[PDB]
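Below you'll find only one chain, the form deposited in one PDB entry, shown as structure tokens.
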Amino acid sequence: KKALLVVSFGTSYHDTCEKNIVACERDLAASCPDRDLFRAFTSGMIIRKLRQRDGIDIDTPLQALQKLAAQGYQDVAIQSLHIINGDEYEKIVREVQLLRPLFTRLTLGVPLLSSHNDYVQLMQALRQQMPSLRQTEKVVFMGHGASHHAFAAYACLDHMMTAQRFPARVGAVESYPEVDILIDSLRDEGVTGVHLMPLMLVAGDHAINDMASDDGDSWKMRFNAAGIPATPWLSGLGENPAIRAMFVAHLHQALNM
């Protein structure tokens, strides 16, 4: 008796949830058609907003696991839709560790950016949502960032891009490299325009405001103020089938050893 639990950071914005979190849950459920599908979010604030504003009840990972144990699932596979191994993913790791003894079999599949091969595969996957660029144009990816030590992931990926002359850059809102680092670096290459894309699973209004709004600290205004015009593309990573396939391979690696 078998479950698949898919844990997202979450979003209160319905249309982006459907285009991204649902599309990933759909693909993961198809790869495990012998599993019943369940959802949980790590963001308690988002869960609370959904309850109070919308009357929609999303489980935390602890609640989802308690319910799975209650309903008699002995075998639970969990897949994180997080991008990095930071506080949010670790919330899953810790809750899983606490309740692990309630199950005969548990596995837990890791965030997008975990191993060295993940970074290589992610660059390949990102290539499928990028346009054909001229030599003085680049795509710029905007991640959340982190205070947790896993914030190092964003710079490592940017470093790999630069080393292989991939035509994109990566930074973070809340951590290094911040947008001014990339702007200084791109200005020195004589990059002439950029396309901004989120390096986040969903693109909710606040992500959109950090990237694209008319606020002077938006990434678009910052690039524009440097004389490098910026065109925002408002899709989450969940909307890219090659990203979904990496989440599917992680679940399947958690399943096999």
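So that there is no doubt, residue numbering starts at 1 and follows the sequence shown. For the two forms, the rigid core is made up of the largest set of C-alpha atoms that agree within 1.5 Å on superposition. Only residues modelled in both forms are compared.
Below, we turn to the form deposited in another entry, even though it does not appear here.
Of the residues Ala155, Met130, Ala146, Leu108, just one CA atom moves 2 angstroms or more between the shown form and the other one under rigid-core superposition; it belongs to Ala146. Once the rigid core is used as the reference frame, the Cα position of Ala207 differs between the shown form and the other one by 2 Å or more.
Here's the thing about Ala64 and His148: their CA atoms end up at least 3 Å farther apart in the other form than they are in this form. Core-based superposition between the shown form and the other one shows that the consecutive residues, three or more at a time, whose C-alphas shift by 2 angstroms or more lie in 146-151, 204-207.
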